[PDB]
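This document opens with one chain alone, in structure tokens, the form deposited in one PDB entry.
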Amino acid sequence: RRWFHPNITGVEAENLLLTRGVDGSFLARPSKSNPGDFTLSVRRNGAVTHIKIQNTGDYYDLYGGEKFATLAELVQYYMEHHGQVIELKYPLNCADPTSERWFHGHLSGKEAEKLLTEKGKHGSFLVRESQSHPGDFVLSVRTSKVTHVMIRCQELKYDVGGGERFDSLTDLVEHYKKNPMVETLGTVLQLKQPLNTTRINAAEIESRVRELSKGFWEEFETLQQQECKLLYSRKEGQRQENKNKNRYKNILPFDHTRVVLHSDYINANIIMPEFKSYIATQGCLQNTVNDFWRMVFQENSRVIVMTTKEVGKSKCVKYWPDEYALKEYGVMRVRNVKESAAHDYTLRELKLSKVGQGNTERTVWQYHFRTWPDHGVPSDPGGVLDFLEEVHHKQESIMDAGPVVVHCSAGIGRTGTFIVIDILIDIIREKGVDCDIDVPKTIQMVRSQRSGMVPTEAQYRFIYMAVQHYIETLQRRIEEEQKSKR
């Protein structure tokens, strides 16, 4: 993601496009006028146009245009499709390495070495600012030893002391990743993966949250710089016969992880924790109700998680019948047995069966979350955690249960937040308080299965807050089992 510039103004973007760019040149930058949103600065007829990209929480909405899952999918679309006519021809690469995984800057010699010893493995690397020589940089690689390679900045160009000269540190790292440096003793300085700083033991969660609260925006931006690596094919969703099956024509499921209906299409993806499964799907459309019940039956889904409220826009269509009423959705029959109302949710006991087959009947428990706000995320994660614990205990109670169907609007915002929290809290529930948990790495893993899961920093912070809250209730529980009470 070279076209994204994290620390530039609107005026700086115009100068960089007029002096170092041409007609068709472009870049992406965070909106300083409205935090959270983004701006697409494109050069046309020797003039710079700034187009607003609204990050609503559910999608990336181009002002007076189309809606997308990620900023990378927006850029990828306009570089090969029509239209705006404004053209996205040449991506203007960023010299700023601040948003990269491997960059640290603030780090020192002994500090980088201590982090590489415990957190690192063979091939772990980092780029830090030089202490003894201001302006220069240091590349520290683990291989079993830690090797330091100086990066000299000579006239805005970077080099290791010999060879090619690069415009940016990202260009230096990317080149030596493909062509690795050879040590004098025949050792190979492999740049396999950057040093993991985000990986933390679930006991030091409160301390990490404290650090990011003074932080969170820096960590989430680093994760957003990885969305170019998740540009998998979405051809099945692009089909003419599948266009109206999509709520948003560009937020499409990945072909390798999509749910194939054995008329085989549905905007849904199977989420597998690649280190309980989930079906991350969009909000039901009036023409996709039949396809939804085909998916629940085929995949043997027993728990449905509705993250959108019942009560001025449509996010999900009533795919279930009224209490005590029975409905036929093509070949599938749904019977609403009982509706249980809690303050945060509504539990609907639905009986799904194939028409003409009584033996195929199973109980599908639909959990309808209502307390979620119209705009933004709640500050207290207690309500969501009590809901997910109830969802997990219902899922665990059923013997032959398939994936948990989770849906919102585009099936990427709330769906992504609810799935990631449930994955992370499942590790803490099974492996106890002492276990390794990585928030952005879990999101990136979920993101490789469905386009842009967890699109906002507020939703990213909410996961950290929900994980911290869940560990605290667990810690208080064990402490209470040891408490003298009367």
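Note that residue numbering follows the sequence shown and begins at 1.
Beyond what is shown, the protein has a form solved in complex with a small molecule; the following relates to that form.
Checking 219-227, 165-173, 349-357, 318-326 against the small molecule in the deposited complex, the stretch whose residues place heavy atoms within 4.5 Å of it is 219-227. The single contact residue among 201, 244, 277, 196, judged by any heavy atom lying within 4.5 Å of the small molecule in the deposited complex, is 196. Checking 101, 302, 333, 294 against the small molecule in the deposited complex, a heavy atom within 4.5 Å turns up for just one residue: 101.
Shown alone here, residue 440 lies within 4.5 Å of the small molecule in the deposited complex, counting heavy atoms only. When contacts are judged by a 4.5 Å heavy atom cut-off, residue 49 does not count as touching the small molecule in the deposited complex. Looking at residue 54, you'd find every heavy atom of it more than 4.5 angstroms from the small molecule in the deposited complex.
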